[PDB]
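Taking it in order: structure first as structure tokens, then the write-up.
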Amino acid sequence: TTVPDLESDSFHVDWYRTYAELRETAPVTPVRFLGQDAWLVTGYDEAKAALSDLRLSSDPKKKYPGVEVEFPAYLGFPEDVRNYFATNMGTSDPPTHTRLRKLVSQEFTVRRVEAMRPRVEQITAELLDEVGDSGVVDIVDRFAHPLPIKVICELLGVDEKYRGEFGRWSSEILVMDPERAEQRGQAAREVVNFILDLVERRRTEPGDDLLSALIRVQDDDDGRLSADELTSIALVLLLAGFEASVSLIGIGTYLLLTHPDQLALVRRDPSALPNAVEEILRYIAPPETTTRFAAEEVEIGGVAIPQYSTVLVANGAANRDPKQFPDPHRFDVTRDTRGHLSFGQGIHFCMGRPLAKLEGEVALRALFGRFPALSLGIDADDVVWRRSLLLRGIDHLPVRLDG
Ligand code: HEM
Ligand SMILES: CC[C@H]1OC(=O)[C@H](C)[C@@H](O)[C@H](C)[C@@H](O)[C@@H](C)C[C@@H](C)C(=O)[C@H](C)[C@@H](O)[C@H]1C
């Protein structure tokens with residue numbers, strides 16, 4: 001009768017109740033978004049199956065007869081910039097995906113991540129010393145946002161260039177508004193230009209950073225990264241290396257602030273902080289939806305998805321599927337969070353999980369341990385949520401440091 005429109009307010013206002021209504025009617029249903037027809041998967045079993053079914057491609061660069069592949073996430077991106085945004089593991093199918101991921105894994109290791117633990121502790125300490133001891137402060141602008149950025153910039157050796165402006169480009173990209181399509185494509189071109197200069201700069205002056213190491217990495221069978229592969233990987237690692245963590249920290253702070261019972265338990269038992277981060281991810285997944293393209297007709301949950309269809313897997317909705325997580329709408333730092341889809345599932349499983357968990361744990365521990373009277377600076381129902389199916393988050397969050 002009525003095909004949902006992902007641009008309506010139903011998907012940005014108490015939107016989880018809207019997901020629950022669709023899932024109950026059909027975990028796989030037709031929808032409209034950005035002017036195109038698509039399928040939305042809101043069931044946990046359906047979502048898991050989808051992400052595991054390789055007939056559902058992750059590569060937007062592939063050409064098929066008489067069809068125009070259009071991933072929403074690239075709204076307003078010129079052809080060349082899109083290619084720069086999509087020649088990396090997250091936008092590649094095996095066997096290309098397999099080799100790109102292996103070459104990067106050789107340098108982006110748990111070892112390199114763990115070695116940054118002290119640095120992350122220090123950056124976190126410094127940002128907190130600067131907020132003061134009292135009054136109202138935007139915890140996002142003064143903490144949640146800068147922390148992940150400083151960490152990713154040091155990992156990739158980013159210093160010069162618009163080190164404070166790319167944050168501005170990244171923001172416009174997180175929103176997909178048909179109106180601001182041109183401004184979105186222009187910001188994307190700016191990030192590309194920025195990466196090209198960075199890579200060229202690093203080739204000229206090597207260091208011990210992750211970028212320098214990827215430029216030299218090579219395997220006997222797999223070989224090495226091409227100039228374009230190298231550029232695109234740097235680009236995504238830079239953007240995805242911090243945006244999602246900013247969401248994790250902001251949303252995590254908000255959640256603990258509105259659930260004293262859960263916060264008390266964390267302050268009491270510190271060894272329980274790791275699972276709290278996991279529940280924060282399950283409750284409100286930053287990457288609410290992930291995109292796939294049907295290279296062949298595929299059946300999901302008894303529903304035949306026609307070949308050449310765009311498929312939107314609602315990771316966020318799946319994490320709220322009652323059949324998988326009982327009392328889904330309840331934030332519980334003590335619940336079993338195994339199987340959530342916030343880090344993905346299958347061959348594209350999120351490579352930054354170790355870094356993300358590190359940043360989340362260190363940040364929330366330092367924040368609440370430094371301010372025992374920390375409280376929200378505004379009414380809970382007045383917090384403004386980012387309008388993005390791509391990456392959910394809180395852009396502004398007033399907190400009272402001394403209660
Ligand atoms: C709270 C933080 C994070 C969340 C929730 C998150 C979530 C995800 C998800 C859902 C996927 C799979 C997407 C798909 O299947 O298409 C993914 C993939 C990936 N993530 Fe993360 N991520 C986070 C942080 C990071 C960080 C810190 C980095 C990098 C420093 C990173 C790098 C990647 C990469 C490279 C992939 C592509 C993996 C592949 O295609 O093989 N992520 N992430
Ligand atoms: C503009 C489109 C791109 O988005 C972004 O880079 C966003 C800023 C990130 O927050 C995304 C959402 C990530 O956090 C991860 C979930 C997925 C990421 C690692 C990919 O590989 C994926 C192909 C991605 O690059 C694109 C969707």
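Labels for the structure tokens follow display order: chains A, B, ..., residues from 1 in each chain, ligands from 1.
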
(message) Quick one: residues within 10 Å of residue 384 of chain A, only C-alpha atoms, excluding same-chain residues fewer than 2 positions away - as number ranges by chain?
(response) A: 13, 380-382, 386-387, 393-397

Keeping N, CA, C and O atoms, export the residues of the selection given above as a short mmCIF file (atom, residue, chain, number, x, y, z; two decimals), in the first residue's frame.
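Result file follows (out-v2.cif):
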```
data_model
loop_
_atom_site.label_atom_id
_atom_site.label_comp_id
_atom_site.auth_asym_id
_atom_site.auth_seq_id
_atom_site.Cartn_x
_atom_site.Cartn_y
_atom_site.Cartn_z
N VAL A 13 12.99 10.48 14.39
CA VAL A 13 12.29 10.87 15.60
C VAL A 13 11.76 9.59 16.22
O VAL A 13 10.85 8.97 15.69
N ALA A 380 16.79 15.92 28.57
CA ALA A 380 17.11 14.74 27.77
C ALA A 380 16.39 14.72 26.43
O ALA A 380 16.99 14.44 25.39
N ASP A 381 15.09 15.03 26.44
CA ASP A 381 14.31 15.03 25.21
C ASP A 381 14.62 16.21 24.29
O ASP A 381 13.96 16.39 23.26
N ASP A 382 15.61 17.02 24.65
CA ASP A 382 15.96 18.15 23.81
C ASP A 382 17.29 17.95 23.09
O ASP A 382 17.72 18.78 22.30
N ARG A 386 21.67 13.62 15.08
CA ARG A 386 22.05 13.83 13.69
C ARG A 386 21.13 13.05 12.77
O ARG A 386 20.86 11.87 12.99
N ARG A 387 20.65 13.73 11.73
CA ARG A 387 19.73 13.16 10.75
C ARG A 387 20.53 12.45 9.66
O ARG A 387 20.75 13.00 8.59
N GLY A 393 24.75 10.13 15.37
CA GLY A 393 25.62 10.76 16.35
C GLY A 393 24.98 12.00 16.95
O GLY A 393 23.86 12.36 16.57
N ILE A 394 25.67 12.63 17.90
CA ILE A 394 25.18 13.85 18.55
C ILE A 394 26.23 14.95 18.29
O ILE A 394 27.35 14.87 18.77
N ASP A 395 25.84 15.96 17.54
CA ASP A 395 26.74 17.05 17.19
C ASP A 395 27.00 18.09 18.29
O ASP A 395 28.03 18.77 18.27
N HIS A 396 26.08 18.21 19.25
CA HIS A 396 26.22 19.18 20.34
C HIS A 396 25.68 18.60 21.64
O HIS A 396 24.53 18.17 21.70
N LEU A 397 26.50 18.58 22.68
CA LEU A 397 26.03 18.01 23.94
C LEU A 397 26.48 18.75 25.20
O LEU A 397 27.58 18.53 25.72
#
```

(request) Return as a ChimeraX atom specification the full set of residues in segment 241-317 of chain A whose backbone-based DSSP assignment is strand (DSSP E). (result) /A:290-294,298-300,303-305,310-313

Restricting it to N, CA and C atoms, dump the selection as a PDB file, in the first residue's frame.
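Full text of result.pdb as output:
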```
ATOM      1  N   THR A 290      23.823  -0.118   6.383  1.00  0.00           N
ATOM      2  CA  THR A 290      24.981  -0.402   5.545  1.00  0.00           C
ATOM      3  C   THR A 290      24.414  -0.809   4.193  1.00  0.00           C
ATOM      4  N   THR A 291      25.103  -0.436   3.126  1.00  0.00           N
ATOM      5  CA  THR A 291      24.607  -0.709   1.789  1.00  0.00           C
ATOM      6  C   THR A 291      25.235  -1.869   1.028  1.00  0.00           C
ATOM      7  N   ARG A 292      24.386  -2.595   0.304  1.00  0.00           N
ATOM      8  CA  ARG A 292      24.808  -3.723  -0.520  1.00  0.00           C
ATOM      9  C   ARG A 292      24.037  -3.648  -1.840  1.00  0.00           C
ATOM     10  N   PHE A 293      24.584  -4.263  -2.887  1.00  0.00           N
ATOM     11  CA  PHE A 293      23.943  -4.277  -4.197  1.00  0.00           C
ATOM     12  C   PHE A 293      23.746  -5.726  -4.653  1.00  0.00           C
ATOM     13  N   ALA A 294      22.530  -6.058  -5.068  1.00  0.00           N
ATOM     14  CA  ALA A 294      22.225  -7.420  -5.506  1.00  0.00           C
ATOM     15  C   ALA A 294      22.698  -7.720  -6.926  1.00  0.00           C
ATOM     16  N   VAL A 298      18.365 -12.599  -4.992  1.00  0.00           N
ATOM     17  CA  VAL A 298      18.656 -13.309  -3.755  1.00  0.00           C
ATOM     18  C   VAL A 298      17.390 -13.355  -2.928  1.00  0.00           C
ATOM     19  N   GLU A 299      17.229 -14.420  -2.161  1.00  0.00           N
ATOM     20  CA  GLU A 299      16.055 -14.533  -1.325  1.00  0.00           C
ATOM     21  C   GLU A 299      16.511 -14.332   0.114  1.00  0.00           C
ATOM     22  N   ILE A 300      15.847 -13.423   0.818  1.00  0.00           N
ATOM     23  CA  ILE A 300      16.171 -13.141   2.207  1.00  0.00           C
ATOM     24  C   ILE A 300      14.884 -13.215   3.007  1.00  0.00           C
ATOM     25  N   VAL A 303      11.742 -13.662   1.124  1.00  0.00           N
ATOM     26  CA  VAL A 303      11.389 -12.607   0.176  1.00  0.00           C
ATOM     27  C   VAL A 303      12.436 -12.530  -0.928  1.00  0.00           C
ATOM     28  N   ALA A 304      11.990 -12.636  -2.175  1.00  0.00           N
ATOM     29  CA  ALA A 304      12.899 -12.579  -3.308  1.00  0.00           C
ATOM     30  C   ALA A 304      13.264 -11.134  -3.641  1.00  0.00           C
ATOM     31  N   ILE A 305      14.550 -10.822  -3.546  1.00  0.00           N
ATOM     32  CA  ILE A 305      15.051  -9.492  -3.857  1.00  0.00           C
ATOM     33  C   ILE A 305      15.563  -9.574  -5.284  1.00  0.00           C
ATOM     34  N   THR A 310      19.064  -2.308  -4.757  1.00  0.00           N
ATOM     35  CA  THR A 310      19.916  -1.698  -3.750  1.00  0.00           C
ATOM     36  C   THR A 310      19.349  -2.216  -2.446  1.00  0.00           C
ATOM     37  N   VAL A 311      20.218  -2.732  -1.591  1.00  0.00           N
ATOM     38  CA  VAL A 311      19.770  -3.279  -0.329  1.00  0.00           C
ATOM     39  C   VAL A 311      20.363  -2.514   0.851  1.00  0.00           C
ATOM     40  N   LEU A 312      19.494  -2.081   1.751  1.00  0.00           N
ATOM     41  CA  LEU A 312      19.921  -1.356   2.936  1.00  0.00           C
ATOM     42  C   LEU A 312      19.708  -2.234   4.157  1.00  0.00           C
ATOM     43  N   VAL A 313      20.800  -2.716   4.741  1.00  0.00           N
ATOM     44  CA  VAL A 313      20.722  -3.555   5.931  1.00  0.00           C
ATOM     45  C   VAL A 313      20.753  -2.632   7.140  1.00  0.00           C
TER      46      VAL A 313
END
```

Could I get the residues of chain A with an atom no further than 8 Å from an atom of ligand 1, each paired with its nearest atom pair and that distance in Å to one decimal, using only C-alpha atoms and all ligand atoms, sorted by chain and residue number, as a Markdown table?
```
| residue | atom | partner | partner_atom_place_in_ligand_line | distance |
| --- | --- | --- | --- | --- |
| A:51 | CA | ligand 1 | 15 (O) | 6.7 |
| A:58 | CA | ligand 1 | 16 (O) | 6.6 |
| A:88 | CA | ligand 1 | 40 (O) | 7.5 |
| A:89 | CA | ligand 1 | 40 (O) | 4.2 |
| A:90 | CA | ligand 1 | 40 (O) | 3.2 |
| A:91 | CA | ligand 1 | 40 (O) | 6.6 |
| A:92 | CA | ligand 1 | 40 (O) | 7.2 |
| A:97 | CA | ligand 1 | 41 (O) | 6.8 |
| A:98 | CA | ligand 1 | 41 (O) | 8.0 |
| A:101 | CA | ligand 1 | 41 (O) | 5.9 |
| A:152 | CA | ligand 1 | 30 (C) | 6.9 |
| A:233 | CA | ligand 1 | 35 (C) | 7.5 |
| A:236 | CA | ligand 1 | 35 (C) | 6.8 |
| A:237 | CA | ligand 1 | 29 (C) | 4.9 |
| A:238 | CA | ligand 1 | 30 (C) | 7.0 |
| A:240 | CA | ligand 1 | 31 (C) | 5.3 |
| A:241 | CA | ligand 1 | 30 (C) | 3.6 |
| A:242 | CA | ligand 1 | 27 (C) | 5.9 |
| A:243 | CA | ligand 1 | 24 (C) | 7.8 |
| A:244 | CA | ligand 1 | 2 (C) | 4.5 |
| A:245 | CA | ligand 1 | 1 (C) | 4.5 |
| A:246 | CA | ligand 1 | 1 (C) | 7.8 |
| A:247 | CA | ligand 1 | 1 (C) | 7.0 |
| A:248 | CA | ligand 1 | 1 (C) | 5.1 |
| A:281 | CA | ligand 1 | 5 (C) | 6.6 |
| A:285 | CA | ligand 1 | 5 (C) | 6.4 |
| A:286 | CA | ligand 1 | 5 (C) | 5.5 |
| A:287 | CA | ligand 1 | 10 (C) | 5.7 |
| A:290 | CA | ligand 1 | 16 (O) | 5.4 |
| A:291 | CA | ligand 1 | 16 (O) | 6.3 |
| A:292 | CA | ligand 1 | 16 (O) | 7.4 |
| A:315 | CA | ligand 1 | 10 (C) | 7.3 |
| A:341 | CA | ligand 1 | 10 (C) | 6.7 |
| A:342 | CA | ligand 1 | 10 (C) | 5.0 |
| A:343 | CA | ligand 1 | 10 (C) | 4.1 |
| A:344 | CA | ligand 1 | 10 (C) | 4.0 |
| A:345 | CA | ligand 1 | 15 (O) | 6.5 |
| A:346 | CA | ligand 1 | 15 (O) | 7.6 |
| A:347 | CA | ligand 1 | 41 (O) | 5.8 |
| A:348 | CA | ligand 1 | 41 (O) | 3.5 |
| A:349 | CA | ligand 1 | 12 (C) | 5.2 |
| A:350 | CA | ligand 1 | 18 (C) | 3.6 |
| A:351 | CA | ligand 1 | 33 (C) | 4.6 |
| A:352 | CA | ligand 1 | 28 (C) | 3.6 |
| A:353 | CA | ligand 1 | 24 (C) | 5.8 |
| A:354 | CA | ligand 1 | 27 (C) | 7.7 |
| A:355 | CA | ligand 1 | 27 (C) | 5.3 |
| A:356 | CA | ligand 1 | 27 (C) | 4.8 |
| A:357 | CA | ligand 1 | 1 (C) | 7.1 |
| A:360 | CA | ligand 1 | 1 (C) | 7.6 |
```

Contacts of residue 168 of chain A at 12 Å (only C-alpha atoms; same-chain gap of 6+ positions) as a PDB file with N, CA and C atoms, in the first residue's frame:
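Generated output (around.pdb):
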```pdb
ATOM      1  N   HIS A 145      34.902  14.924  20.090  1.00  0.00           N
ATOM      2  CA  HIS A 145      35.368  15.147  18.721  1.00  0.00           C
ATOM      3  C   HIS A 145      36.891  15.229  18.555  1.00  0.00           C
ATOM      4  N   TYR A 162      44.908  21.382   5.974  1.00  0.00           N
ATOM      5  CA  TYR A 162      43.726  21.692   6.774  1.00  0.00           C
ATOM      6  C   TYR A 162      43.427  20.619   7.820  1.00  0.00           C
ATOM      7  N   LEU A 174      28.421  13.329   6.166  1.00  0.00           N
ATOM      8  CA  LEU A 174      27.592  12.469   6.996  1.00  0.00           C
ATOM      9  C   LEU A 174      26.100  12.642   6.742  1.00  0.00           C
ATOM     10  N   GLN A 183      27.004  20.894  -2.494  1.00  0.00           N
ATOM     11  CA  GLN A 183      27.935  21.191  -1.410  1.00  0.00           C
ATOM     12  C   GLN A 183      28.533  19.908  -0.840  1.00  0.00           C
ATOM     13  N   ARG A 184      27.806  18.803  -0.963  1.00  0.00           N
ATOM     14  CA  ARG A 184      28.301  17.528  -0.460  1.00  0.00           C
ATOM     15  C   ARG A 184      29.416  17.028  -1.384  1.00  0.00           C
ATOM     16  N   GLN A 186      31.281  18.877  -3.283  1.00  0.00           N
ATOM     17  CA  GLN A 186      32.415  19.794  -3.198  1.00  0.00           C
ATOM     18  C   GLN A 186      33.279  19.487  -1.976  1.00  0.00           C
ATOM     19  N   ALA A 187      32.640  19.117  -0.873  1.00  0.00           N
ATOM     20  CA  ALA A 187      33.381  18.772   0.336  1.00  0.00           C
ATOM     21  C   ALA A 187      34.156  17.479   0.072  1.00  0.00           C
ATOM     22  N   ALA A 188      33.531  16.539  -0.628  1.00  0.00           N
ATOM     23  CA  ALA A 188      34.194  15.275  -0.943  1.00  0.00           C
ATOM     24  C   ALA A 188      35.419  15.501  -1.826  1.00  0.00           C
ATOM     25  N   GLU A 190      37.245  18.130  -1.752  1.00  0.00           N
ATOM     26  CA  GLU A 190      38.223  18.733  -0.858  1.00  0.00           C
ATOM     27  C   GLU A 190      38.962  17.661  -0.061  1.00  0.00           C
ATOM     28  N   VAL A 191      38.250  16.633   0.402  1.00  0.00           N
ATOM     29  CA  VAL A 191      38.920  15.584   1.160  1.00  0.00           C
ATOM     30  C   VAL A 191      39.889  14.848   0.227  1.00  0.00           C
ATOM     31  N   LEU A 239      38.785   9.108   7.600  1.00  0.00           N
ATOM     32  CA  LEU A 239      37.393   9.436   7.916  1.00  0.00           C
ATOM     33  C   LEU A 239      36.696   8.478   8.875  1.00  0.00           C
ATOM     34  N   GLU A 243      35.234   9.468  12.851  1.00  0.00           N
ATOM     35  CA  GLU A 243      33.814   9.819  12.885  1.00  0.00           C
ATOM     36  C   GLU A 243      32.978   8.896  13.737  1.00  0.00           C
TER      37      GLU A 243
END
```

(request) Kindly indicate which residue among A:277, A:149, A:128, A:176 lies nearest to ligand 2, using only C-alpha atoms and all ligand atoms for the distances. (result)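 Once distances to ligand 2 are computed over only C-alpha atoms and all ligand atoms, the minimum belongs to A:176.
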
(request) Show which residues sit within 8 Å of residue 135 of chain A, as a ChimeraX atom specification. Count only C-alpha atoms, and ignore same-chain residues fewer than 5 positions away. (result) /A:400-402

(message) Can you pull out the residues contacting residue 226 of chain A? Cut-off 12 Å, using only C-alpha atoms, and skip same-chain residues under 6 positions away; I want them as a PyMOL selection string.
(response) chain A and resi 87-88+96+99-100+103+214-218+232-233

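Distance check against residue 86 of chain A using only C-alpha atoms: of A:225, A:251, A:234, A:136, the minimum falls on A:234.
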
(request) Find the residues near residue 74 of chain A: any atom within 12 Å, counting only C-alpha atoms, skip ones fewer than 3 places away on the same chain, and give them as JSON, numbers by chain. (result) {"A": [34, 60, 61, 69, 70, 71, 77, 78, 79, 80, 81, 82, 83, 84, 85, 86, 91, 173, 174, 175, 176, 177, 178, 181, 182, 184, 185, 186, 187, 188, 189, 291, 390]}

(message) When you count only C-alpha atoms and all ligand atoms, which of these residues is closest to ligand 2: A:75, A:9, A:230, A:118?
(response) A:75

(request) Could you tell me, as a VMD selection string, which residues of segment 213-390 of chain A DSSP assigns to helix (DSSP H, G or I) when given the backbone? (result) chain A and resid 213 to 216 227 to 240 243 to 257 260 to 268 270 to 283 315 to 318 353 to 370 380 to 382

(request) Identify which of the residues A:56, A:249, A:235, A:73 lies closest to ligand 2, counting only C-alpha atoms and all ligand atoms when measuring atom-to-atom distances. (result)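 The answer is A:73, which sits nearest to ligand 2.
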
(request) Rank nothing, just name the residue among A:21, A:379, A:219, A:200 nearest to residue 254 of chain A, using only C-alpha atoms. (result) A:379

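Nearest residue to ligand 2 among A:359, A:130, A:59, A:261 is A:59, counting only C-alpha atoms and all ligand atoms.
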
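Residues in contact range of residue 361 of chain A, defined as at most 12 Å between only C-alpha atoms, with sequence neighbours fewer than 4 positions away removed, read residues 117, 120, 121, 124, 245, 248, 249, 252, 253, 266, 270, 271, 272, 273, 274, 275, 276, 277, 278, 280, 354, 355, 356, 357, 365, 366, 367, 368 and 369 of chain A.
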
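Take atom CA of residue 180 of chain A and atom CA of residue 18 of chain A: the distance between them is 26.0 Å.
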